[PDB]
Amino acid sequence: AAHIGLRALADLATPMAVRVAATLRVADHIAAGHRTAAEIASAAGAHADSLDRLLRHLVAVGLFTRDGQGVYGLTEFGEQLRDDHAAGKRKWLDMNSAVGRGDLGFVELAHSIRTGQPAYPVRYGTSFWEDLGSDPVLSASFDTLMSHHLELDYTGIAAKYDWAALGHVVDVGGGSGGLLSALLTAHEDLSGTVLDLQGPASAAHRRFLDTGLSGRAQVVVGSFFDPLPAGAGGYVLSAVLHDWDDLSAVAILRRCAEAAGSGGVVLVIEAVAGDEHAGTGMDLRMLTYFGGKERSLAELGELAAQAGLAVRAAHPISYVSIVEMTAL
């Protein structure tokens, strides 16, 4: 990019206008029949006049079309704004979801860049997890979004690795049990345990009960900073490490190392720096949310090193990687 005006490249009005449309579900109200500002507004519960000005800006962006007596219609693009779209982006943009709300934490980016600390707290006076831990509905939405990322990224991951060979896997921080689920459903004879906080663990359990996996699927509420269910064949750290700073990440890694002993493997499944799903933007998001960071195969090794582990493999999956570490 960068071919657009510097002021345009720095524009906030548009990205904010798009996010607001997503939150009012304007695209849904248009397809559902309400095609004029007065209607969409009363339908979404917005200020009729102000809402019109928003739309006008959005027809200009190329998300909506307006004509004659001000009848709005989604464009080939605006289509992606409705909840029932394949992509399922509206939920990430909606300002009520964990991510849609948390991304507004970017307005405090300056803080992070000046102190190397998360900016989310500067905006919401608390850590992201603390926030999700005290808002069940918010935490619920995060579980939903992460569940969605499993699809977008881990397509066919069950096959790309020799899971069965593990016998029993602990999904450290595998909230909502989507990955473990997709893993067991694809490899019978294999059992697992999802370890996460009350919120996700409660959803993982609910999941296994319905998919009829409670026989091989176990849940255990707890922090991955404390001893983990020891002796498993494998310990997966899926989309966890990048959520933490270096110190924390090695702590998390050691716990896995310990529980794994000289008999198991520690599989970190993340978007290592270089993957088609790992950008500088994700890294910035990681920094602004918790002061985490995307890391390279190299940087992960430096960490594994400080935990008594050693990278022995790296198989690239669909958009991310499966870094396999064992004790050294």
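Note that residue numbering begins at 1 and tracks the sequence as displayed.
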Quiz item: Counting the other entries of this protein, is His57 left out in at least a third of them?
Solution: no
Quiz item: Hey, does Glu276 drop out of the model in a third or more of the other PDB entries compared here?
Solution: yes
Quiz prompt | Of 97-105 and 145-153, the one with larger mean CA B-factor | solution = 145-153
Quiz item: Mean C-alpha B-factor higher for 109-117, or for 74-82?
Solution: 74-82
Quiz item: Can you tell me which third, lowest, middle or highest, the CA B-factor of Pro316 falls into for its chain?
Solution: highest
Quiz prompt | Relative C-alpha B-factor of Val268, binned into the chain's lowest, middle or highest third | solution = lowest
Quiz item: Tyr161's Cα B-factor: lowest, middle or highest third of the chain?
Solution: highest
Exercise. Looking at the entry's B-factor column for C-alpha atoms only, identify whether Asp226 ranks in the lowest, middle or highest third of its chain.
Key: middle
Quiz item: Comparing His187 with the other modelled residues of its chain, is its CA B-factor in the lowest, middle or highest third?
Solution: highest
